[PDB]
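So here's one chain in two forms, each on its own in structure tokens, numbered structure 1 and structure 2.
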Structure 1
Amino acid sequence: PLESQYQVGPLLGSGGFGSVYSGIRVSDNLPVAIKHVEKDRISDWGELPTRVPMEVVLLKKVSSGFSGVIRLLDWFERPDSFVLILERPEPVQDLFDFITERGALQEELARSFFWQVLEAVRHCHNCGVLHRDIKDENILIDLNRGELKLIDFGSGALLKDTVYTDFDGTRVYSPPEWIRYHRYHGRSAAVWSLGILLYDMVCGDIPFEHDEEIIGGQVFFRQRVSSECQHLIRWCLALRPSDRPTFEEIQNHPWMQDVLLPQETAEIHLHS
């Protein structure tokens, strides 16, 4: 019974998806996020060996001791919603607010964060899950441990090697082949979203707001960014999907070398 096992606290956020609350598991005081998804807004459904939101299927597939992805601890069905119990880092800030408040991140910080996102996305792909909404809003920073967690699998799909013709993630992080043709492959589209994210980190906002900018193929840098970092970004943002790097190519890129450990990242950049 849901209402017995968790103490609900303050609303943490809401939007199209539904609403999420701070909570604590009564059983042992573990911090949790309690996410309410309305059935009316669930577009994609999966099957547990039960009919659940695809989000629940994807979350279960990526569920593990690896911290890089949010863990689903439990879930419940109600008449008009599903309630998902997610583990909650404490203290936490999402990467959107962190960039808003701090501005453009030092490259050493951006490198540590971006590497950790790469590792988390690799984890998803290797678990057969495509996220489809990689953005700063969907990344939490454990501000004490300096560990990042990918959240929000509500636009995700099972990973496949053929084209996707559906998309409900964030348009400004979506690739030019989606804008032009309503078609993309999963991995190359993920790399584009990663390019947007890296630019966001080192410049303090995303490069593109408009469809014409997304398809235009020009990346103007508004901050001083190293040549090596600009190169990586522009490679991730190649207009031709097959010109974009693999995850291996990204992590082998010279700009990605000598990454900080998460605990060093907290010590140098987060503890204040």
Structure 2
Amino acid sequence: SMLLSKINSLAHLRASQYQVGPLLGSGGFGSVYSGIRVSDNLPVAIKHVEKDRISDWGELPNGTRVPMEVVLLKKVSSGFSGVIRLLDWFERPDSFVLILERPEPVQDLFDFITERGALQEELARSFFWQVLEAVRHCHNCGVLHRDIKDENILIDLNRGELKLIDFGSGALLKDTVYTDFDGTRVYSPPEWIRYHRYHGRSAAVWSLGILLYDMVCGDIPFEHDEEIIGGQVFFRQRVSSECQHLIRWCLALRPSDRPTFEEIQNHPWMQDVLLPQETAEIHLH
């Protein structure tokens, strides 16, 4: 179908280009469709955002009123990185339309883990390193993602490159305390469960601990609030002592006890990371 200005642009005798196909393959209910930029046949993802469901608005360099999601995407879509770039957007009477990159072939990290189970530590190290670099990029651009998880990471299977998606829960980065959070219970950091307060960078490091465990174990470590605040990590799979050490450090109960990004990337487990193309050749081809 032709992407037109409005859903009802053809409703009357009175009358880049994008072609739109079906919903992108999903067991969920996201409003993301397969697309093509007609000029150059570039694959895109076409995401719709319903105005009456936007809880967080902001302003562009323009000084123009858009979903916070558009503000954040524009900030991180500068240059090249492990973030899915916003290529274009426009406003409709009752929604916004976002045109995003679409690598081909692609699989999200959740489906990858379903299919392949617990990842080898060399693969987990390449993947985790790439997510750390992508999150640092977001922070340097003044953006806090607030929902880092396997479901929000795309794998570009040919290049071995990871890409963050879905800034729908994110915020402008600040160094002061946050009192709002939109994530699910099994991904809450302990300081949110106990106090409804967190700092952005230290809550991100929590989410990264959950993700590293997820990669090397094949599922997240906690189901219940009492597990999140209890301070015990059980390993169900074989994991190296140095990988266990880094996970337990990221999942410190007290935010101040969590490593900085420098301390994570200088950790013994994080030495000798593969290049993305190496990763694809050994693990994904």
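Only residues modelled in both forms are compared. Please note that residue numbering is based on structure 1, beginning with 1 at the start of its sequence. For clarity, a rigid core is taken as the largest C-alpha set superposing within 1.5 Å between two forms.
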item	value
Per-residue C-alpha change between structures 1 and 2, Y21, threshold 2 Å, rigid core fit	no
Core-aligned Cα shift of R171 between structures 1 and 2, given in Å	2.9
Consecutive-residue runs (3+) with Cα displacement of 2 Å or more between structures 1 and 2, core aligned	13 to 18, 169 to 171
